[PDB]
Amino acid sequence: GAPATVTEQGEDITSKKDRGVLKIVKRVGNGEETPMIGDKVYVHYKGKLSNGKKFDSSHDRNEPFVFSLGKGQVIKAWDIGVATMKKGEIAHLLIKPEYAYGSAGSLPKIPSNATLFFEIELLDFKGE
């Protein structure tokens, strides 16, 4: 499925090159600008645990998921990955635990040492 394709073909967008955050672009975006630290960012997304069935979607709540990039608000893999994306882009990210919720997890919702998969659409980003 989509996660395995990312394992197989995905680009390693980590600084350390440890395959901790793997990306495939699924719909190319517009322009060349990508968001900077501090930008207010608007996305839709569907996420799940790699092996298993906790699933989650922004669409479930009606509305975009909004956060400030690089400002502590999401897991490290999102600060890394969303920063590489363009307005209108859809991407797949596969994420090792070190860039998500770690050996601790976030129980009861997220287990210890969980790999995550997301599909992200970047709707917009605006300056602080």
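Numbers follow the displayed sequence, beginning with 1.
- Stretches compared: 26 to 34, 71 to 79. Higher mean C-alpha B-factor in the entry: 26 to 34.
- Once the C-alpha B-factors are averaged per stretch, 9 to 17 and 111 to 119 rank with 9 to 17 first.
- Out of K48, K96, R61, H92, it is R61 whose C-alpha atom has the highest B-factor in the PDB entry.
- Split the chain's modelled residues into thirds by C-alpha temperature factor. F55 is in the highest one.
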